[PDB]
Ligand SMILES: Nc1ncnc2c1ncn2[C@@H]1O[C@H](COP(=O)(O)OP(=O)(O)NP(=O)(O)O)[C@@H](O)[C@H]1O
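Shown here is one chain on its own, the form deposited without the ligand, set out as structure tokens.
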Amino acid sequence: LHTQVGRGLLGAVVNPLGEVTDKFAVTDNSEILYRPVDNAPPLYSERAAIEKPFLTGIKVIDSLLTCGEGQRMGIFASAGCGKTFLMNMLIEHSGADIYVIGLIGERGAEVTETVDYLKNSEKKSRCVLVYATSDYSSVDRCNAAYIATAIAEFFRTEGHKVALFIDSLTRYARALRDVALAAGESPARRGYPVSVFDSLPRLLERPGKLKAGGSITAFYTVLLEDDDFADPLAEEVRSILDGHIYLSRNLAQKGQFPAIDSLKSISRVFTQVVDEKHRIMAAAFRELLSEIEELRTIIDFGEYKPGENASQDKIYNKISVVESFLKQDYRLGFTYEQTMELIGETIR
């Protein structure tokens, strides 16, 4: 019901009971205060409108799927579509003041690798990790996600630009379902006025940019088992969030990382966070992308003959420059100016 917050948590690993069990970095700051884990969302008049981009350093995201400060973004993928490797890139190459990572219900060896990753990360001094393994109860697994959010909320009140990752919403939904059964609530039908299952939208309206403070930019992972299978839970959270990154099993098997399929991904606030020149290039790049895949089905049909159609020849010779723009080594981050200069060269 109450948890630790403050700059003293930076570098710490907190378990579902809200107290630190390990450290991946040590910080001079020792500030530790207490706040409730359940806090009301900001009133609409306290929220500011999402107007500023949150740059990620990932070329495909920053150019075609631009995020905004205060935005909540879903990341849809199955195991293993490098969703953990995409989150490592989001943490490495973005420019947030503070990162708060929440590992829900995961196996256990997964928790130790995230800490091992943070131990060697350049952002270690600005990160907090909340974990709940498979051995912890379902009650505790849920509380890991609201503790992670509450920690992020304190940093936002202090003015910080915060980035929140909860991986995963899938295993959070499963553990939550277990909590509902203890109250008798079934997934099909429910309880009223407070249902255990409405724990999910309540938790997802807490991020955002405050007029009087900083912002929480949130990334929620949703596991798409199997092979971009439409899980029922997957369609509700697409209803609530401001956009979704979709990690494609198909683009992964061909060796393209990140396996983001931009044509099946969106950011709703895109046109509000980029200028007109950006919108023109992104629009032109999406049509180049669409015409490429139209040509790939023509090729697979054995229907493409070089020299027969000058348009198809022009599209074909762009495949290499388009694929190289989309690819990205996870150790590399790109500034907005480099992303926009590369996308223009791809379109010319």
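So that there is no doubt, residue numbering starts at 1 and follows the sequence shown.
Quiz prompt | Higher-scoring stretch by recorded Cα B factor average, 306-314 or 38-46 | solution = The stretch with the larger average C-alpha B-factor is 38-46.
Practice problem: Can you let me know which of the two, 89-97 or 196-204, has the higher average C-alpha B-factor in the entry? | Solution: In the deposited entry, the stretch with the higher C-alpha B-factor mean is 196-204.
Quiz item: Highest Cα B-factor in the deposition, which of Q253, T149, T217, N120?
Solution: Highest CA B-factor of the listed options: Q253.
Quiz prompt | Residue with highest C-alpha B-factor in the PDB entry, from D242, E185, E276, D261 | solution = Comparing C-alpha B-factors across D242, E185, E276, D261, the top value belongs to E185.
Practice problem: Going by the recorded CA B-factors, say which third of the chain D62 sits in, lowest, middle or highest. | Solution: Its C-alpha B-factor belongs to the lowest third of this chain's values.
Practice problem: Please rank the C-alpha B-factors of the chain's modelled residues and tell me whether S134 sits in the lowest, middle or highest third. | Solution: Highest third - that is where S134 ends up once the chain's C-alpha B-factors are sorted.
Quiz item: Which third, lowest, middle or highest, does the CA B-factor of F165 fall in along this chain?
Solution: Within its chain, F165 is a lowest-third residue by C-alpha B-factor, going by the deposited values.
Exercise. Sort the modelled residues of this chain by their C-alpha B factor and say whether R126 lands in the lowest, middle or highest third.
Key: As the PDB entry reports it, the C-alpha B-factor of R126 lands in the lowest third of its chain.
Quiz item: Going by the entry, which third of its chain does the Cα temperature factor of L1 land in?
Solution: Tercile = highest for this residue's CA B-factor.
In what follows, reference is made to the form solved in complex with the ligand, a form of this protein that is not presented.
Self-check item: Contacting member of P258, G105, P207, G102, with respect to the ligand in the entry with it bound [4.5 Å, heavy atom]
Solution: Looking at the other structure, the residue within range turns out to be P258.
Exercise. Using heavy atoms only and a 4.5 Å cut-off, determine which of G82, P187, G159, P201 is in contact with the ligand in the entry with it bound.
Key: Comparing distances to the ligand in the entry with it bound, the residue within 4.5 Å is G82.
Exercise. Would you mind picking out the stretch of 208-216, 142-150, 172-180, 84-92 that comes within 4.5 angstroms of the ligand in the entry with it bound, counting non-hydrogen atoms?
Key: Of the options given, it is 84-92.
Quiz item: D329: heavy atom within 4.5 Å of the ligand in the entry with it bound?
Solution: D329: yes, in contact with the ligand in the entry with it bound.
Exercise. Evaluate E110 for contact with the ligand in the entry with it bound, applying a 4.5 angstroms cut-off between non-hydrogen atoms, and reply yes or no.
Key: Output for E110 is yes: heavy atoms within 4.5 Å of the ligand.
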